[PDB]
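Quick heads-up: it's one chain on its own, the form deposited in one PDB entry, in structure tokens.
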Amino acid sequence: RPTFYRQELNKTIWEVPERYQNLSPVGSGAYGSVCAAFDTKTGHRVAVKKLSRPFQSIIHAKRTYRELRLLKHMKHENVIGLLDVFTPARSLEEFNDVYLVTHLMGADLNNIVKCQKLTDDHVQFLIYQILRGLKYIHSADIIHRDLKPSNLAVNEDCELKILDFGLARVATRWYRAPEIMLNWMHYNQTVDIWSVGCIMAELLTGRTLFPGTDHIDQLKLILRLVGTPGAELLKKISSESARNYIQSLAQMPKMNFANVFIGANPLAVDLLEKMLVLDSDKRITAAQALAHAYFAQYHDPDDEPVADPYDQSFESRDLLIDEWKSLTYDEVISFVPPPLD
């Protein structure tokens, strides 16, 4: 057990190991507050997050366990990993606070764009890394579910990492696939490919692609580009009311993407066409995208690793708050730090 030192910031007690110094409140939310600090062990700055009452309810306890299990499993150059996880508690009996530590990479995609105009090269490398980390993630049967520019950290060398996975079950909505946004059916990994598509388009034209004011307004902007649903997709929509509303819409034909992204790399326009397909079963997968001509200068099959098996059977267990809490404690207890470089 390291030596802890406790201090009060923004009216919140932070008790952490002495290795973390000069803690600076970076922000807060209903999830927990986050502090910026310098990690004297790696010599790198980091993000220290203190969870907000991890075990308030069965729901929260389980959600806490899911986040911890997910972060511990993530080991890839393009995905944020768990640098450290700790609790000042000396036993389960007193276990109550959970602290998560991750790398502070530089800036999110939005802050990059706001600073400079990107070259087609940058977009290539950026989208490539996104798909590279996504390939890793999807191979583990994990779906991020909330990809957007704010969840993309980029460093000075244009290197990228995916952060903040969606754990729950305008902005966000603008990069969401339609089957999710309106709960049309059980969705698959390709929802993230839909997000990548929206993000790529924005980087190329400097404009949000589907900035709808509300769900209906967005669905219309979307269906106007890709065309209205066909019978094949319709039969997949489980909601009878949903199907009913779709059929009520005035049919629309898919647009020629070349006519929307004038002046962009023909290869990037092709890739977009492949990602922005309305039927999720027809969208290109992460692995498939890495092999697309647009990324010819960065693609390397021997350097696009998949992940180990990720066991999610826990999602279907019905446990007591304290069982979920003890499970979480066990995970904290068994955490092995990443090799020092």
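Here the rigid core means the biggest group of C-alpha atoms that line up within 1.5 Å when the two forms are laid on top of each other. Don't overthink the numbering: it's just position in the shown sequence, from 1.
Separately, the form solved in complex with a small molecule exists; it is not shown, and the next lines address it.
- Remark: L92 does not count among the residues lining the small molecule in the bound PDB entry, judged by a heavy atom distance of 4.5 Å or less.
- In the bound PDB entry, none of the heavy atoms of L290 sits within 4.5 Å of a heavy atom of the small molecule.
- Of the heavy atoms in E304, none are within 4.5 Å of the small molecule in the bound PDB entry.
- Taking the partner from the other structure, the small molecule in the bound PDB entry has a heavy atom within 4.5 Å of a heavy atom of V34.
- After superposing the rigid core, the Cα of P301 is displaced by less than 2 Å between this form and the one not shown.
- Remark: with the core as the superposition reference, the CA shift of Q312 between this form and the one not shown stays below 2 Å.
- Comparing the forms between this form and the one not shown on their rigid core, the Cα displacement of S28 reaches 2 Å or more.
- In the bound PDB entry, the Cα atoms of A153 and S28 sit 3 Å or more nearer to each other than they do here.
- One change in the bound PDB entry concerns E323 and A30, whose Cα atoms lie at least 3 Å farther apart than in this form.
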